[PDB]
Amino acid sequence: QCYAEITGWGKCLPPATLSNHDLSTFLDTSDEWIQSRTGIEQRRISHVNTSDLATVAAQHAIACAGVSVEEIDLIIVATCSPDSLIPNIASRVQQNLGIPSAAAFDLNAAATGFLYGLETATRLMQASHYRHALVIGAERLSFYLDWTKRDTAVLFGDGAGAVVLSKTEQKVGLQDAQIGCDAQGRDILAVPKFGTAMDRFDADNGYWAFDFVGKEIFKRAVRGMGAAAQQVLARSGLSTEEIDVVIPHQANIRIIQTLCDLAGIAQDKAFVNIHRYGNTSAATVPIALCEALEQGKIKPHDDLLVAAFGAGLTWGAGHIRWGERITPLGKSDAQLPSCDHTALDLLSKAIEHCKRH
């Protein structure tokens, strides 16, 4: 019996920041409404592709773990916004990092993708011959947004988070997990016409709908994450009070609060950074984990509950038992190339096109 210890953690947030005030200059919205309803103050807009965000996050996690790129056997990138479909962006991260041989694939389960990835990498390592793995959640959601619709335009940001996993006999890392999907919620969070269903030669194919029914997402997410968390906790044999930290998906603060309240988990145990970055889909959990560790929220031997949901409607929860070390072995100098533009400047073309159309 082995386990997959989380030995490295890292993040990459692009520098360009879009404030609620910035959004109010081109949409009929306010910082007052957004902060009160969502809890989001700011979000980051990438000047580079998803794979570049993923690469920097991975470099930080590798340094943190002190592992050699020659030791990495498996690379999973969880994303719904890959640079390209052919080939996958896991292979681009592999190419960028100079990792020889590793299995490299992209996984799409929306914002639950990082937990899906962590479950998958963990079980691969437990049942087969993978010694070290790199699991990355990375998104450039700004690509997708309709800048005339305030409902969806204020919720999402770009970013990437990463972990490195190391095979061990110590009972650490992901213990039980339950992942799933409520396919009856499929049509309430969707971009139906980007992908091979779109008309390739229609000049207006860029003006797609972002389907979004917020109250239905709320209900299904709470139900989905809640029951998954219960299964995990029940299988662990832990009482609810033994959970030290909750690392949730960062989509909505009231969802996080409701999840904890219905579970009877203390509100102050949930790590929240949505105010800074908004919803970065698959990046939310690994960015949050990385920041929780940086800010001293996770102690050695802590019991963590991870929980997430996403378009699908995918859902999941996991129980992580932390090991001995909460400090990086090394630091990485890795950074994105310099950003010569403001967030409004980056979005200028897309805003003008959506408004004209």
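From 1 onward, residues are counted along the sequence shown.
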Practice task
Go through the other compared entries with residues on either side of residue 218 and state whether a third or more give it no coordinates.
Solution key: no
Handout entry: Coordinates lacking for residue 209, a third or more of other entries
Key = yes
Completion exercise
Stretch with higher mean Cα temperature factor, 152-160 vs 70-78, is 152-160
Exercise for the section: Mind pulling up the entry and telling me whether 197-205 or 129-137 has the higher mean Cα temperature factor? Expected result: 197-205
Exercise for the section: Select one of 217, 266, 229, 181: the residue whose C-alpha shows the highest B-factor in the crystal structure entry. Expected result: 266
Handout entry: Assigned third (lowest, middle, highest) for the C-alpha B factor of residue 286
Key = lowest
Exercise for the section: Report the third (lowest, middle or highest) to which the CA temperature factor of residue 237 belongs, ranking only the modelled residues of the same chain. Expected result: highest
Practice task
Pull the Cα B-factor of residue 332 out of the PDB entry and bin it into the chain's lowest, middle or highest third.
Solution key: highest
Handout entry: Chain-relative CA temperature factor third for residue 15
Key = highest
Practice task
Sort the modelled residues of this chain by their C-alpha B factor and say whether residue 143 lands in the lowest, middle or highest third.
Solution key: middle
